[PDB]
> 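Attaching a single structure in structure tokens format; questions to follow.
Keep in mind that the numbers below use all heavy atoms, side chains included, and drop hydrogens, waters and symmetry copies. Just so you know, residue 1 is the first one in the sequence shown, and it goes up from there.
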Amino acid sequence: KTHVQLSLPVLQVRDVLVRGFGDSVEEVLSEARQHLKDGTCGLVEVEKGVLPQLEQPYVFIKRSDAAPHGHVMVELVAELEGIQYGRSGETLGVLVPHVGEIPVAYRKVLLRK
């Protein structure tokens, strides 16, 4: 399927144990997609002070359309030293590995895979 319904655990930035997916734009997009498929991906909501506490390159989920079955359609955009790889809508948050942190909420998304 071109899209997959996912429910992403929303994590507090200070709980996150693994603060990024790797060391290159291509690696972090690769790893983010693998973790999304494996159900091992968390979401951090972006506010003042969040991104400097995480590791670049960043992987964002961005709204791709204006929401089947409650699931917002999203796609992945990476960022490294202020350049983004991808073009999309509003940021829903930054993706990180999930390694058992307790979430504060779930974000229902329809991921363009």
Side-chain angles (χ1 to χ4, degrees), residues 1-112:
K1 282 175 191 307
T2 68
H3 285 79
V4 60
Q5 279 180 351
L6 301 170
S7 272
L8 298 184
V10 176
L11 309 180
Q12 305 192 308
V13 68
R14 289 184 184 280
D15 287 337
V16 172
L17 297 181
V18 185
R19 287 175 179 273
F21 281 114
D23 300 332
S24 72
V25 162
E26 288 157 84
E27 186 179 17
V28 300
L29 286 170
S30 185
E31 284 291 329
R33 287 190 169 95
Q34 192 64 54
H35 281 81
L36 286 161
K37 174 232 168 108
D38 297 347
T40 56
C41 192
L43 181 62
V44 183
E45 293 187 321
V46 178
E47 284 180 357
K48 293 302 192 291
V50 166
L51 286 176
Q53 294 189 67
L54 296 174
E55 290 173 345
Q56 298 194 44
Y58 311 127
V59 177
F60 299 108
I61 48 154
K62 282 183 169 297
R63 192 194 213 91
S64 62
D65 184 16
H69 312 270
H71 294 254
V72 173
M73 296 188 49
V74 298
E75 56 199 340
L76 302 191
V77 172
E79 179 181 309
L80 176 57
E81 293 156 351
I83 302 170
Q84 295 196 336
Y85 301 82
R87 171 172 210 268
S88 190
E90 190 193 349
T91 293
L92 278 76
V94 52
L95 299 181
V96 294
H98 187 216
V99 295
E101 300 95 331
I102 308 302
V104 296
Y106 289 91
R107 197 72 208 253
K108 292 186 289 180
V109 307
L110 197 46
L111 167 69
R112 190 177 295 173

> Any idea which heavy atoms bring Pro97 and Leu11 closest together, and the distance?
O-CD1, 4.4 Å
> With a 4.5 Å heavy-atom cut-off, do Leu8 and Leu36 have their side chains touching?
yes
> Give me the atom names and distance for the closest heavy-atom approach of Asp15 to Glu101.
O-CG, 3.4 Å
> Any donor and acceptor pair, going by atom type alone, linking the side chain of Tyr85 with main-chain N or O of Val25 inside 3.5 Å?
no
> For side-chain contact (heavy atoms from CB on, under 4.5 Å), just list the numbers for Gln5 and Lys108, CA-CA rounded to whole Å, side-chain angles, deciding distance to a tenth of an Å, and then say yes or no.
CA-CA 7 Å; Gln5 279 180 351; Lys108 292 186 289 180; over 6 Å; no
> For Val28 and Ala78, work out which heavy atoms get closest and say how close.
CG2-CB, 4.1 Å
> So, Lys62 and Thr91: side-chain donor and acceptor under 3.5 Å apart, yes or no?
yes
> Answer whether the closest heavy-atom distance between the side chains of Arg107 and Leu92 falls below 4.5 Å.
yes
> Please report the closest heavy-atom contact between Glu55 and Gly20, naming both atoms and the distance.
OE1-N, 3.7 Å
> So which atom in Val77 and which in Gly86 form the shortest heavy-atom distance, rounded to 0.1 Å?
CG1-O, 3.8 Å
> Please report the closest heavy-atom contact between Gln84 and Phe60, naming both atoms and the distance.
NE2-CE1, 3.8 Å
> Within the 4.5 Å heavy-atom criterion, are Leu110 and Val4 side-chain neighbours or not?
no
> Taking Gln56 for the side chain and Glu81 for the main chain, is one N or O donor matched with an acceptor at less than 3.5 Å?
yes
> As an exercise, state the distance from CG of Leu111 to NZ of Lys1, rounded to the nearest 0.5 Å.
14.0 Å
> For residues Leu17 and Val96, determine if any side-chain heavy atom of one lies less than 4.5 Å from a side-chain heavy atom of the other.
no
> Please check if the side chain of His71 supplies one atom and the backbone of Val109 the other of a donor-acceptor pair under 3.5 Å.
yes
> Kindly say whether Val13 contributes a backbone atom to a donor-acceptor pair with the side chain of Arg19 at under 3.5 angstrom?
yes
> Rounded to the nearest 0.5 Å, what separates atom CZ in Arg33 from atom CZ in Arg112?
11.0 Å
> If we only count heavy atoms from C-beta on, is the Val44 to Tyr58 side-chain gap below 4.5 Å?
no
> Is any side-chain heavy atom of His98 less than 4.5 Å from a side-chain heavy atom of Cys41?
no
> State, with a plain yes or no, whether a side-chain heavy atom of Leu95 is found less than 4.5 Å away from one of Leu43.
yes
